[PDB]
Structure formats: C-alpha cells, structure tokens
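> Before I ask anything, here's the sequence and the deposited coordinates:
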Amino acid sequence: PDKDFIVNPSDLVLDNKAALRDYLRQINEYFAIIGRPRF
C-alpha cells in the first residue's frame with residue numbers, strides 16, 4: 001500500500017462526503033476574489 005488517500009479508501013471512511021470537504025477548501029478561494037473576509 002503506497003498511496004494513502006487516492007479518493008477511494010475501499011469505502012472505509014466517509015462514504016459520501018468527499019467534495020463537501022473540497023467546498024471548504026475552495027470556500028476561501030471563492031470569497032477571496034469577490035471580497036476576502038477582512039475589515
């Protein structure tokens with residue numbers, strides 16, 4: 001077993017919730033343009 005998280009952990013860790021996490025990874029790269037959180 002070389003890899004660790006090749007978007008297919010034999011379905012033994014969070015069935016449906018892959019992209020949902022990416023949404024959080026891009027959430028910041030979505031508001032940074034329209035107006036990154038800052039005052």
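Arrived safely. Numbers count the residues shown, from 1 in each chain.
> name the element the residue nearest the centre of the chain belongs to?
In the chain, the centroid-proximal residue (C-alpha atoms, centre = their mean) is residue 22; its distance is 2.0 Å. Assigned by DSSP states H and E, residue 22 falls within helix 19-35.
> Would you mind listing the outside residues contacting that helix?
Helix 19-35 has contacts (C-beta atoms under 8 Å, 6 or more residues apart in numbering) with 36-37. Backbone N, C-alpha and C define where each C-beta goes, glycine included.
> Output that helix as PDB, nothing but the C-alphas.
Output in PDB follows, covering the C-alpha atoms of helix 19-35 (Å, rounded to 0.1, in the frame of the first residue of the first chain):
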ATOM      1  CA  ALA A  19     -16.400  17.100  -2.500                       C
ATOM      2  CA  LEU A  20     -18.300  18.500   0.600                       C
ATOM      3  CA  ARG A  21     -14.800  18.900   2.000                       C
ATOM      4  CA  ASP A  22     -13.400  20.400  -1.100                       C
ATOM      5  CA  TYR A  23     -16.200  23.000  -0.900                       C
ATOM      6  CA  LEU A  24     -14.400  24.100   2.300                       C
ATOM      7  CA  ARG A  25     -11.100  24.100   0.500                       C
ATOM      8  CA  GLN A  26     -12.400  26.400  -2.200                       C
ATOM      9  CA  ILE A  27     -14.800  28.300   0.100                       C
ATOM     10  CA  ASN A  28     -11.800  30.600   0.800                       C
ATOM     11  CA  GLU A  29     -10.800  30.600  -2.800                       C
ATOM     12  CA  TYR A  30     -14.200  31.900  -3.800                       C
ATOM     13  CA  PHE A  31     -14.600  34.800  -1.400                       C
ATOM     14  CA  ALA A  32     -11.000  35.900  -1.800                       C
ATOM     15  CA  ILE A  33     -11.900  37.300  -5.200                       C
ATOM     16  CA  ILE A  34     -15.400  38.800  -4.600                       C
ATOM     17  CA  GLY A  35     -14.100  40.200  -1.400                       C
END
